[PDB]
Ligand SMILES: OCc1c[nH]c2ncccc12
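The chain that follows stands alone, in the form deposited without the ligand, written as structure tokens.
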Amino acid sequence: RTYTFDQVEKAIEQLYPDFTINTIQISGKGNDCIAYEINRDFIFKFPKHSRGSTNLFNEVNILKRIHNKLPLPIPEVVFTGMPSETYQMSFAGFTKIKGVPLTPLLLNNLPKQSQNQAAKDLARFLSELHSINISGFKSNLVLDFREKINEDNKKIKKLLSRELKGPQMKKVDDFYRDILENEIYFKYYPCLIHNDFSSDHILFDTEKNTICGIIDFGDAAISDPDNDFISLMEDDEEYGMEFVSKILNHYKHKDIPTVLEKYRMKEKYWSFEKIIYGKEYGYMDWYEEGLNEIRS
């Protein structure tokens, strides 16, 4: 699915006739949504497909709830679409947040003082977010990790039966068995997490040299809080392990060794996710890649 500018303008003007669009342009494009910037004050997201539509819904449902409870700015919901055909939510419109993504490059050009400060600021955020009371959220927001794995294991065998020989397939089973036999990946206290906590979603003020917002809650869910630290650890694309080590100290984490153990798993696991996401997105280059990494 893709949208023209006209199409988009119709969608909004329709449910919101007493709201005129002056400037519209594309702020960016994701795997689930295209993001349009309207009047320079708003980000409107349009889903590119049914699953994206569902994430959008959650992002909306979630931001409403945690609106005005966190240390840093997050987006505010202002405009909502309608369910329709296969899409649960047509589109949505959030307030724009001034800022630049705090890319790892940027991060290391800041003086050590502003670096140590951002560490402390993120820790505070993650800390608050993970404290929010989960008793009100409906069950479907609880991501059960053990189910996800089992579900994945099955999708894989379908998709790989006609790609792999007995002795190759037995290595995947071995791998999944080892994950599922390990209690550490599952025995956590669930809480609300961002679940895509990367640099691309951390906004930064070039004047003040301080973090000035957080932004994509499309994947947010009730899950293992360690996931919000792991997403920052990959060395090439995200911040260091060394930087994330500081966040953890201000967050006063009790089991850092466990978190690293989870990272190593997720990193290996990502191979399999490329295959799954690759087939349904479908990026065939994701699918070819994962198939080669697996063979190890």
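All residue numbers are counted from 1 along the displayed sequence.
Checked against the record, the higher mean CA B factor of 158-166 and 142-150 lies with 158-166. Looking at mean Cα B-factors across 113-121 and 186-194, the upper value is held by 113-121. Considering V60, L248, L70, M241 together, the PDB entry gives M241 the largest C-alpha B factor. In the PDB entry, the Cα temperature factor peaks, among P104, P225, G213, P83, at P83. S135 sits in the middle third of its chain by CA B factor, as recorded in the PDB entry. Split the chain's modelled residues into thirds by C-alpha temperature factor. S90 is in the middle one. The PDB entry assigns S27 a C-alpha temperature factor belonging to the lowest third of its chain's modelled residues. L126: CA B factor in the lowest third of modelled residues in this chain (values from the PDB entry). In the PDB entry, a CA B factor belonging to the highest third of its chain's modelled residues is recorded for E237.
Keep in mind the form solved in complex with the ligand is missing from the figure; the text below concerns it.
Across the options 254-262, 40-48, 64-72, 240-248, residues that bring heavy atoms within 4.5 Å of the ligand in the entry with it bound belong to 40-48. In the entry with it bound, the ligand sits within 4.5 Å of a heavy atom belonging to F94. Though the partner is left out of this view, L129 does not reach within 4.5 Å of the ligand in the entry with it bound, counting heavy atoms only.
Taking non-hydrogen atoms only, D216 approaches the ligand to within 4.5 angstroms in the entry with it bound. Looking at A123, you'd find every heavy atom of it more than 4.5 angstroms from the ligand in the entry with it bound.
Of the listed positions (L160, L141, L107, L203), a single one reaches within 4.5 angstroms of the ligand by any non-hydrogen atom in the entry with it bound, namely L203.
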